[PDB]
Amino acid sequence: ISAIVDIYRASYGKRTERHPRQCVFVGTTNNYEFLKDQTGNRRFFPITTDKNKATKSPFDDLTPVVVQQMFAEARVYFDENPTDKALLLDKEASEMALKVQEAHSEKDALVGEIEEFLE
DNA sequence: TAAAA
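Residues numbered from 1 in each chain as written, not as in the entry; some residues may be left out. Chains lettered and ligands numbered in written order. Part of a larger assembly, values for the part shown. Heavy atoms only, no water.

Method of determination, as given in the entry header: cryo-EM; reported resolution: 3.14 Å.

Further remarks concern the overall build of chain A. The secondary structure content of chain A amounts to three helices and two strands. Listed N to C, the secondary structure of chain A is β-β-α-α-α in terms of helices and strands. Whereas a compact globule of 119 residues would reach a radius of gyration of roughly 14 Å, chain A reaches 20 Å, over 25% beyond that. Dimensions of chain A along its principal axes, counting C-alpha atoms only, are 60 × 50 × 30 Å. The 119 residues of chain A split such that 6% are buried. A separation threshold of at least 6 residues defines the contact pool for chain A, and within that pool the share at least 24 residues apart is 56%. Of note, chain A has its 16 positive side-chain charges centred 11 Å away from the centre of its 21 negative side-chain charges. (Helix = DSSP H or I, 4+ residues; strand = E, 2+ residues; numbered from the N terminus. Rg over C-alpha atoms; globule rule 2.2 N^0.38 Å. Buried < 20%, exposed > 50% of the residue type's maximum accessible area, 1.4 Å probe, protein only. Contact = heavy atoms within 4.5 Å. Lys, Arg positive; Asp, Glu negative; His and termini not counted. Charge placed at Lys NZ, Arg CZ, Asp CG, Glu CD.)

On to the pairing of strand β2 (residues 16–20), then. Burial within β2 is sparse, with just zero of its five residues counted as buried. As paired elements, strand β1 (residues 5–9) and β2 share five bridges and run antiparallel to each other. Within β2, the residue paired with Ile-7 across the bridge is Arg-18. Hairpin connection, β1 to β2: the antiparallel pair is bridged by six residues. (Pairing = 2+ DSSP bridges.)

This part covers the pattern of salt bridges. Applying the stated criterion to the full structure yields three salt bridges. For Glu-33, the salt bridge goes to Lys-107, with nearest N and O atoms at 3.9 Å. In this pair, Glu-33 is assigned in the loop between β2 and α1 (64–80) and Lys-107 in the loop between α2 (91–103) and α3 (110–118), connecting sequence segments 74 residues apart. Looking at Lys-107, the relative accessible area reads 48%, which means it is partly exposed. A salt bridge links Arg-75 to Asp-79; its shortest N-O distance comes to 2.4 Å. Here the residue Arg-75 and the residue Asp-79 both occupy positions in helix α1, the gap between them amounting to four residues, near one helical turn. (Salt bridge = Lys/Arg side-chain N within 4 Å of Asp/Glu carboxyl O.)

A cluster of nonpolar side chains, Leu-62, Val-67, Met-70 and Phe-71, forms an exposed patch at the surface whose accessible area comes to about 400 Å². You can see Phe-71 is positioned in helix α1. According to the relative accessible area criterion, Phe-71 is exposed, its value standing at 63%. (Patch = residues over 30% accessible without salt bridge, like charges linked within 9 Å, V, L, I, M, F, W, Y side chains within 5 Å. Areas by Shrake-Rupley, 256 points an atom, 1.4 Å probe, with all protein chains shown as cover.)

Around DNA strand B, the neighbouring residues are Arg-9, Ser-11 and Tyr-12. Restricting the count to atoms of DNA strand B within 4 Å of the protein gives a sugar and phosphate share of 64%. (Near = heavy atom within 4 Å.)

Topologically, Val-67 is positioned in helix α1. For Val-67, a relative accessible area of 31% puts it in the partly exposed group. Separated by 41 residues in the primary sequence, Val-67 and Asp-108 have C-alpha atoms spaced 41 Å apart.

Quick look at the structure:
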């Protein structure tokens, strides 16, 4: 997920070439516990989506014009500061992100019994 | 075409 380049050989190529990462990943799920890592999940930012609270339906209200406008807005914001530092969350946003990632992360059970036994 | 798949 956190790889900036992909150094690999083409399907039938002769030598290994270098491709900068030109894609963004978005994942979809209905499980409430998808983060297997127990020592922090800073890569993945879970957004909980609620039906019947969607003001606009993504089936009939997202049209190429609307997504083009969204990407033009993103282009403006990125061109305000064209560096990777501008892509990080705000301090309070990152603070909430820690709690959200922990809440959606798998919990180890052995820790509880170890604590009880040591107590 | 063989490879590489």
